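What follows is a single structure, written as structure tokens, with notes after it.
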Amino acid sequence: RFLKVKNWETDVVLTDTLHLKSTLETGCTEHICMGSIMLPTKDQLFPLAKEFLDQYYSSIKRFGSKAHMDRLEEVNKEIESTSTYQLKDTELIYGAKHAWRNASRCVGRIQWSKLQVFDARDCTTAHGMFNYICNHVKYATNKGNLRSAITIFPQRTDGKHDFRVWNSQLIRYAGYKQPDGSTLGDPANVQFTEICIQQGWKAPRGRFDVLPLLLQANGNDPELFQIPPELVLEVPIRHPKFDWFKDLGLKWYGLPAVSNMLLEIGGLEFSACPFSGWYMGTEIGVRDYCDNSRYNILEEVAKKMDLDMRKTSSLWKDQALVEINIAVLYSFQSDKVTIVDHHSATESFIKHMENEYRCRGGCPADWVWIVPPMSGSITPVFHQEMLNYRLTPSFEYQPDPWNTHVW
Amino acid sequence: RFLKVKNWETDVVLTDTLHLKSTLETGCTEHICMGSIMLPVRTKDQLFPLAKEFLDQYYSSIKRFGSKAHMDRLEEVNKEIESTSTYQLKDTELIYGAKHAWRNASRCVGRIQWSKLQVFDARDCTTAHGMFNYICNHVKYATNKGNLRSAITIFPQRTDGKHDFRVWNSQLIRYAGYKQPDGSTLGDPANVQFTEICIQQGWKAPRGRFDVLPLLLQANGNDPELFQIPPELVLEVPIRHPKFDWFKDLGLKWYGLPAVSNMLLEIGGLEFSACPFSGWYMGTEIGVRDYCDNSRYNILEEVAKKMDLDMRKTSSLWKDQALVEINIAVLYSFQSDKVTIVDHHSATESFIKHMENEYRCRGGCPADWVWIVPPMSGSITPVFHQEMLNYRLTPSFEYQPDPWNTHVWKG
Ligand code: HEM
Ligand code: HEM
Ligand SMILES: Nc1cccc(C[C@H]2CNC[C@H]2NCCCO)n1
Ligand SMILES: Nc1cccc(C[C@H]2CNC[C@H]2NCCCO)n1
Ligand SMILES: C[C@H](O)[C@H](O)[C@H]1CNc2nc(N)[nH]c(=O)c2N1
Ligand SMILES: C[C@H](O)[C@H](O)[C@H]1CNc2nc(N)[nH]c(=O)c2N1
Ligand SMILES: [Zn+2]
């Protein structure tokens with residue numbers, strides 16, 4: 001019941017009790033661990049609403065109070081009458097911040113309580129969504145001094161009027177399959193890019209074409225919108241020592257903004273809830289740039305460094321990896337765009353974890369995701385045992401819209 | 001039931017059915033994943049089914065399932081268990097068993113080599129001196145002047161739990177660690193407690209930074225005894241860098257033989273508490289962990305200084321740069337001295353081929369992602385992108401409590 005996690009580097013042992021409040025399943029059983037798998041009614045709703053309202057009133061030190069009870073009855077009556085309910089602004093803010101607090105795969109949660117929440121529940125059209133999103137982007141970007149934020153569109157009603165941002169991230173580069181059989185741009189976005197073209201987008205067919213937004217409002221067919229170019233802050237990537245690096249013609253956008261997840265608060269489902277923070281270097285330098293199925297630039301960089309790529313044991317891939325990541329951090333820092341290196345970020349997470357264990361009884365964490373994709377054991381989280389469980393409010397994955405939308 | 005695992009780099013999807021044969025628990029539940037947790041005498045009653053399952057697996061493996069030989073063996077073991085409360089494995093079963101414990105070791109990235117294990121049957125061993133001799137022979141055979149050969153030496157199984165054979169060392173070869181009164185540590189910090197035990201037992205510690213520890217061996221439940229492995233049998237590699245001539249002056253070296261000696265080998269319900277096994281190193285074990293863990297030799301700073309990296313801010317990735325150089329050095333040195341070693345790219349690439357082969361020929365390959373992914377350059381190795389399923393199959397290697405915490409001293 002009372003589990004303990006140990007840090008094998010510091011010997012520090014923490015006891016987790018928060019997991020006992022876990023509701024959702026993990027995908028694992030006593031016979032099989034699926035820890036490395038990427039994707040493992042009025043009657044149903046009131047229980048969820050109650051659990052949420054209880055934690056909310058408990059957070060504001062008014063558990064059991066009349067206000068707590070009144071609200072509880074108010075929501076119950078509303079659910080029975082309207083088959084759903086509306087969160088108070090205070091509840092929405094608390095819920096969004098906690099969905100982030102509960103995101104087991106997020107290493108930057110020490111920042112959880114500073115989330116700027118934009119209530120977009122009054123939005124009704126795709127154009128309105130576009131406006132709200134540009135404001136989010138401009139607000140979060142803040143001329144390079146990034147600020148965490150989330151914009152929350154109307155909650156699901158009957159399932160045929162869902163609001164959705166079809167894009168996976170607000171800002172991402174297009175991908176196109178060339179005759180050469182090769183891929184131009186971001187291979188990860190080929191399918192999406194074609195859906196945009198299929199919709200009308202005039203693809204420039206460049207290596208870094210900022211994709212247009214495909215916004216779906218009230219269950220209607222999505223619409224294209226181009227984020228004002230001047231609102232999409234990008235960073236040209238250069239190395240502090242290798243002058244030839246700039247010649248690679250590499251650049252990345254400064255705002256990481258996830259837009260395909262579902263925010264669940266008190267049983268309510270917010271299918272369109274784009275949120276953003278700021279990058280941890282490795283996300284771009286290791287994953288976006290070096291993943292074989294992404295920009296896959298290791299060989300190109302290796303060649304320019306004049307490394308013995310004859311034998312894997314010379315560790316040329318590793319050396320080029322470090323350089324690509326040193327450049328990313330350097331380029332973002334030079335342009336005054338917020339970014340955190342994996343050492344600083346993981347150190348912060350350990351501190352956050354410690355706080356969470358002592359003030360909340362635990363911190364769900366997915367080791368597989370928390371440990372940076374490079375230099376794993378030289379970051380502290382590598383040596384930190386973690387317990388992964390699911391708490392609500394939460395951010396959940398949801399089916400891509402183009403595989404469920406009835407045009 | 002069928003479970004699928006996907007490689008997010010190649011889109012290749014594999015299907016696992018082998019997990020159905022999994023009996024042991026994982027530590028996880030439908031509500032909590034303990035995937036990153038390091039460590040989440042039987043009765044006649046519970047033993048025969050364990051013996052039967054194993055023998056069924058053994059006889060199927062040799063295509064004699066249901067044969068008269070198979071049935072006679074089950075009857076023989078049955079009679080043996082009821083009569084003696086235990087039973088003895090035939091040599092063939094022991095070999096098959098040891099090879100499978102390795103094959104089933106979900107935390108081992110080197111399993112493509114599982115079928116080539118040399119098994120030394122030391123079940124006739126009766127004293128610590130006897131154990132010493134067996135271990136020396138294992139070390140010499142495995143080392144093979146640098147052309148390392150995987151091997152395992154298996155001492156008598158557990159009987160009543162009061163006569164256990166145990167190798168107290170965690171690995172046959174490791175360097176002493178000494179806690180200085182000023183709080184600092186000389187040698188390998190990981191072995192301070194053990195080194196202290198050895199000293200208490202009479203070991204004359206040379207107190208250097210790389211002193212090969214003595215073997216502390218327990219035979220038949222008796223108090224352990226110290227033995228020094230003949231130095232000429234301990235192959236070591238001075239670590240130098242191909243381009244940095246100052247690296248050698250760091251005074252670093254490492255032994256060539258990785259030999260785990262504290263695990264328990266379970267075969268058909270029998271428990272072999274002393275089963276030292278060895279293979280060859282994957283560079284990162286030494287270069288990343290042994291050398292760069294903050295709680296081990298911790299050499300990142302000294303190395304970073306020499307390279308004169310910008311150590312004022314973490315964002316210069318000086319630790320990451322120094323890390324790669326150190327690992328290049330380990331691989332270079334071992335290769336230059338002709339001591340077998342494998343780099344993490346080659347090793348993980350082979351593991352993926354092994355895993356795919358296993359899914360197809362065996363219906364699965366239990367693997368612990370947390371352990372399989374190398375401690376450096378994670379995502380540039382193919383295993384990072386491979387979904388895996390972790391479950392426990394027997395025969396298997398299991399952790400067991402450290403002997404000094406459970407041993408009843410006789411004096
Ligand atoms: C302030 C800076 C932040 C940093 C440094 C940070 C860092 C990270 C990193 C490194 C990942 C893994 C990403 C990947 O490998 O794809 C991640 C995942 C995640 N983060 Fe954060 N994060 C931050 C802000 C946010 C915000 C503001 C939220 C929500 C309001 C959030 C929610 C999540 C979620 C749900 C995931 C997992 C997403 C998935 O499964 O694909 N993060 N974060
Ligand atoms: C032939 C070369 C071999 C290589 C390259 C290899 C490599 C590895 C590596 C890198 C690990 C993780 C080590 C760590 O981080 O502590 C590991 C663990 C393991 N290996 Fe292998 N291995 C090999 C041979 C063997 C042999 C011969 C056996 C048994 C017969 C074996 C059994 C295991 C077990 C049981 C584990 C997990 C040990 C633990 O939990 O501490 N390996 N191996
Ligand atoms: N720094 C942050 C903040 C919030 C979310 C993320 C993660 C985003 C940005 N990079 C990969 C993408 N996640 C994709 C997960 C695999 O599909 N990163
Ligand atoms: N190459 C091999 C072969 C078999 C076993 C191992 C693993 C050994 C050698 N390095 C760390 C140690 N395992 C310790 C696990 C953490 O306490 N490594
Ligand atoms: C198969 C495996 O789960 C997959 O490659 C995971 C591993 N860890 C990860 N960790 C983070 N932060 N992000 C990812 O996309 C992944 N991918
Ligand atoms: C806490 C965490 O489980 C621990 O640090 C693990 C992570 N992965 C590992 N992987 C390998 N190969 N070896 C280890 O010792 C570890 N330690
Ligand atoms: Zn699990």
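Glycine gets a Cβ as well: all are built from the backbone with ideal geometry, and neighbour counts include every protein chain shown. Basis: the model, the stated rules and, where named, an outside source; these are not laboratory values.
Of the conditions (1) within 30 Å of residue A:29 (Cβ to Cβ); (2) crowded, with 23+ Cβ neighbours inside 10 Å; (3) facing chain A (nearest Cβ under 8 Å), residue B:387 clears all except one; give me its number.
Every condition holds for residue B:387 apart from (2).
So, of the residues in the stretch B:31-76 that are in a loop (DSSP other than H, G, I, E, B) and within 14 Å of chain A (Cβ to nearest Cβ), which turns out to be surrounded by the fewest Cβ atoms within 10 Å (Cβ to Cβ)?
Going residue by residue through the stretch B:31-76, those that are in a loop (DSSP other than H, G, I, E, B) are B:31, B:34-43, B:62-67.
Filter again for within 14 Å of chain A (Cβ to nearest Cβ), leaving B:31, B:34-40.
Working: B:31: 15, B:34: 23, B:35: 26, B:36: 25, B:37: 19, B:38: 13, B:39: 9, B:40: 14.
Looking at residues that are in a loop (DSSP other than H, G, I, E, B) and within 14 Å of chain A (Cβ to nearest Cβ), I get B:39.
In the stretch A:7-23, what residues are facing another protein chain (nearest Cβ under 8 Å) and either within 16 Å of ligand 1 (Cβ to nearest atom) or under 27 Å from the mean Cα position of the chain (by Cα) (or both)?
Across the stretch A:7-23, the qualifying residues are A:19, A:22.
Within the set of pairs 6 or more residues apart or between chains, which connect a residue that is over 19 Å from residue A:339 (Cβ atoms) inside the stretch A:282-303 to a residue that is within 11 Å of ligand 5 (Cβ to nearest atom) with Cβ atoms less than 6 Å apart?
A:292/B:9; A:293/B:9
Looking only at the stretch B:302-334, which residues are touching an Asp or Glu at 6+ places or on another chain (Cβ under 7 Å) and of a type in the set (D, E, K, R)?
none
Could you tell me which residue of the stretch B:330-352 is farthest from residue B:5 (Cα to Cα), considering only residues that are at the interface with another protein chain (Cβ under 10 Å from one of its Cβ atoms) and part of a loop (DSSP other than H, G, I, E, B)?
Among residues in the stretch B:330-352 that are at the interface with another protein chain (Cβ under 10 Å from one of its Cβ atoms) and part of a loop (DSSP other than H, G, I, E, B), the one farthest from residue B:5 (Cα to Cα) is B:341.
Of these, A:373, A:364, which one is in a loop (DSSP other than H, G, I, E, B) and within 19 Å of residue B:289 (Cβ to Cβ)? Even if it seems obvious, please write down each step before you answer.
Details: A:364 fails: within 19 Å of residue B:289 (Cβ to Cβ).
Unique residue meeting the criteria: A:373.
Can you tell me which residue is surrounded by the fewest Cβ atoms within 10 Å (Cβ to Cβ) among those in the stretch A:232-245 that are more than 28 Å from the chain's Cα centre (by Cα) and either under 16 Å from residue A:281 (Cβ atoms) or of a type in the set (S, T, N, Q) (or both)? Let's see the steps before the verdict.
Let us first name the residues in the stretch A:232-245 that are more than 28 Å from the chain's Cα centre (by Cα), namely A:240-245.
The next check asks that each one be either under 16 Å from residue A:281 (Cβ atoms) or of a type in the set (S, T, N, Q) (or both); those that pass are A:240, A:245.
Values: A:240: 16, A:245: 22.
The extreme case among them is A:240.
For the stretch A:126-137, state whether one or more residues are within 18 Å of the chain's Cα centre (by Cα), crowded, with 16+ Cβ neighbours inside 10 Å and outside any helix (DSSP H, G or I).
For the stretch A:126-137, residues within 18 Å of the chain's Cα centre (by Cα), crowded, with 16+ Cβ neighbours inside 10 Å and outside any helix (DSSP H, G or I): absent.
Out of the residues in the stretch A:246-266 meeting the condition of being buried (at least 21 other Cβ atoms within 10 Å of the Cβ) and out of contact with any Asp or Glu (no Cβ under 8 Å at 6 or more places or on another chain), tell me which one is nearest to residue A:300 (Cα to Cα).
Looking at residues that are buried (at least 21 other Cβ atoms within 10 Å of the Cβ) and out of contact with any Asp or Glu (no Cβ under 8 Å at 6 or more places or on another chain), I get A:250.
If residue A:245 passes every condition in (1) among the aromatic types (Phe, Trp, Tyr); (2) out of contact with any strand residue (DSSP E or B) (no Cβ under 6 Å at 6 or more places or on another chain); (3) within 16 Å of ligand 5 (Cβ to nearest atom) but one, which one does it miss?
Among (1) among the aromatic types (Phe, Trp, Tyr); (2) out of contact with any strand residue (DSSP E or B) (no Cβ under 6 Å at 6 or more places or on another chain); (3) within 16 Å of ligand 5 (Cβ to nearest atom), the lone unmet condition for residue A:245 is (3).
Look through the stretch A:218-248, keep the residues that are part of a helix (DSSP H, G or I) and of a type in the set (A, V, I, L, M), and return whichever of them is nearest to residue A:161 (Cα to Cα). Steps first, answer last, please.
Initial filter on the stretch A:218-248 (part of a helix (DSSP H, G or I)): A:229-231, A:243-248.
Now narrow it down to the ones that are of a type in the set (A, V, I, L, M): A:231, A:248.
Details: A:231: 29, A:248: 45 Å.
Restricting to residues being part of a helix (DSSP H, G or I) and of a type in the set (A, V, I, L, M), the top hit is A:231.
For the stretch A:376-407: of the residues being assigned to a loop (DSSP other than H, G, I, E, B), hydroxyl-bearing (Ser, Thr, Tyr) and in contact with a helix residue (DSSP H, G or I) (Cβ under 9 Å, 6 or more places away or on another chain), which is farthest from ligand 5 (Cβ to nearest atom)? Lay out the reasoning, then the answer.
Initial filter on the stretch A:376-407 (assigned to a loop (DSSP other than H, G, I, E, B)): A:379, A:385-387, A:389, A:391-393, A:397-400, A:404-407.
After this cut, where a residue has to be hydroxyl-bearing (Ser, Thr, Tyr) as well, the list is A:379, A:389, A:392, A:397, A:404.
In the following step, the residues that additionally are in contact with a helix residue (DSSP H, G or I) (Cβ under 9 Å, 6 or more places away or on another chain) were identified as A:379, A:389, A:392.
Values: A:379: 12, A:389: 17, A:392: 22 Å.
Filtering the stretch A:376-407 for residues that are assigned to a loop (DSSP other than H, G, I, E, B), hydroxyl-bearing (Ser, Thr, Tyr) and in contact with a helix residue (DSSP H, G or I) (Cβ under 9 Å, 6 or more places away or on another chain), the one farthest from ligand 5 (Cβ to nearest atom) comes out as A:392.
Among the residues of the stretch A:292-316, write down those that are closer than 26 Å to residue B:283 by Cβ and surrounded by 23 or more Cβ atoms within 10 Å (Cβ to Cβ).
Within the stretch A:292-316, A:301, A:315, A:316 meet the criteria.
Based on this model, can you work out whether residue A:20 counts as in the same structural domain as residue A:86 (by CATH), crowded, with 17+ Cβ neighbours inside 10 Å and assigned to a helix (DSSP H, G or I)?
For residue A:20, the condition - in the same structural domain as residue A:86 (by CATH), crowded, with 17+ Cβ neighbours inside 10 Å and assigned to a helix (DSSP H, G or I) - is not met.
In the stretch B:287-329, how many residues are under 21 Å from the mean Cα position of the chain (by Cα) and at the interface with chain A (Cβ under 9 Å from one of its Cβ atoms)?
Here is the first cut: in the stretch B:287-329, the ones under 21 Å from the mean Cα position of the chain (by Cα) are B:287-293, B:295-297, B:327.
Okay, now just the ones that are also at the interface with chain A (Cβ under 9 Å from one of its Cβ atoms), so B:288-289, B:292-293, B:295, B:327.
Residues in the stretch B:287-329 being under 21 Å from the mean Cα position of the chain (by Cα) and at the interface with chain A (Cβ under 9 Å from one of its Cβ atoms): 6 in total.
For the stretch A:271-286, which positions are over 17 Å from residue B:345 (Cα atoms), within 12 Å of chain B (Cβ to nearest Cβ) and outside any strand (DSSP E or B)? Don't jump to the end; show me each part of the working.
Residues of the stretch A:271-286 that are over 17 Å from residue B:345 (Cα atoms), as a first pass: A:271-285.
Next cut, within 12 Å of chain B (Cβ to nearest Cβ) only: A:280-283, A:285.
Scanning the stretch A:271-286 gives A:281, A:282, A:283, A:285.
Being part of a helix (DSSP H, G or I), surrounded by fewer than 22 Cβ atoms within 10 Å (Cβ to Cβ) and of a type in the set (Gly, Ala, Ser) is the filter here, so list the residues in the stretch A:98-125 that pass it.
A:113
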